[PDB]
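Q: Below is the sequence, then the experimental coordinates.
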Protein chains: 2
Amino acid sequence: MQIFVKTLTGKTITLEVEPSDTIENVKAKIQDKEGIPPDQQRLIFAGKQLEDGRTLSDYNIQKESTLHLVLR
Amino acid sequence: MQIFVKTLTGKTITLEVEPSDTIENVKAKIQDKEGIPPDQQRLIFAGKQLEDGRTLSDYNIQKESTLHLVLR
């Protein structure tokens, strides 16, 4: 399924993922596309910070869901 | 001719270029000055993303023009 990630600068990125994909895997996909190291990235969905040891399905993230990316 | 590049942190860099210089060449000049690899840099002018296979003259960039640098 496709998901969207918005940046602090107003950019939107589209990613192809599976509900069984891990958050760490998602961060890795972002690194590949934007060059941002996973340790400097924070992912938020519906006001909650997503953990690297959990999956998309655990957060009930559905197709065309939009995640927010924060930089540290 | 001289041009200006602004960073996301509010820094302004001055570069010496020729209208026949390529965007890839411009990125290379930025790498030399800031240490940012060309693959992690995105250049925007008048709202348009500049391509690595095109030249400054193609975008009608004139002396004292200001470009915007984005990081990925």
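A: Yes, it's here. Residues are numbered from 1 along each chain as shown, chains lettered A, B, ... in the order given.
Q: Neighbouring strands - and their directions - for the helix or strand containing residue A:69?
A: Counting by DSSP states H and E, the element that carries residue A:69 is strand A:66-71. Applying DSSP bridges, strand A:66-71 is found paired with strand A:2-6 (parallel), strand A:41-45 (antiparallel).
Q: how about the helix or strand following the first one: buried residues?
A: Just to be clear, that refers to strand A:2-6. From strand A:2-6 onward toward the C-terminus, using DSSP H and E, the following helix or strand is strand A:12-16. Neighbour counts using 16 or more other Cβ atoms under 10 Å in any protein chain shown place A:13, A:15 of strand A:12-16 among the buried residues. For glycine as for every other residue, the C-beta is placed from the backbone atoms N, C-alpha and C.
Q: Could you see whether chain B lies near strand A:12-16?
A: No - applying Cβ under 8 Å from any Cβ of the partner chain, one finds strand A:12-16 separated from chain B by no less than 9.6 Å.
Q: what packs against that strand?
A: strand A:2-6, helix A:23-34 (3 or more Cβ pairs under 8 Å, 6 or more residues apart in numbering or on different chains; DSSP states H and E).
Q: Dump the C-alpha coordinates for it into PDB.
A: C-alpha atoms of strand A:12-16 as PDB (Å, rounded to 0.1, in the frame of the first residue of the first chain):
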ATOM      1  CA  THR A  12       5.400  15.300   0.600                       C
ATOM      2  CA  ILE A  13       7.000  11.900  -0.100                       C
ATOM      3  CA  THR A  14       5.200   8.800  -1.300                       C
ATOM      4  CA  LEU A  15       6.400   5.400  -0.200                       C
ATOM      5  CA  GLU A  16       5.300   1.800  -1.000                       C
END
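Q: Tell me what angle that strand forms with strand A:66-71.
A: Inter-element angle recorded for strand A:12-16 and strand A:66-71: 110 degrees (by axes from the mean of the first three to the mean of the last three Cα atoms, to 10 degrees).
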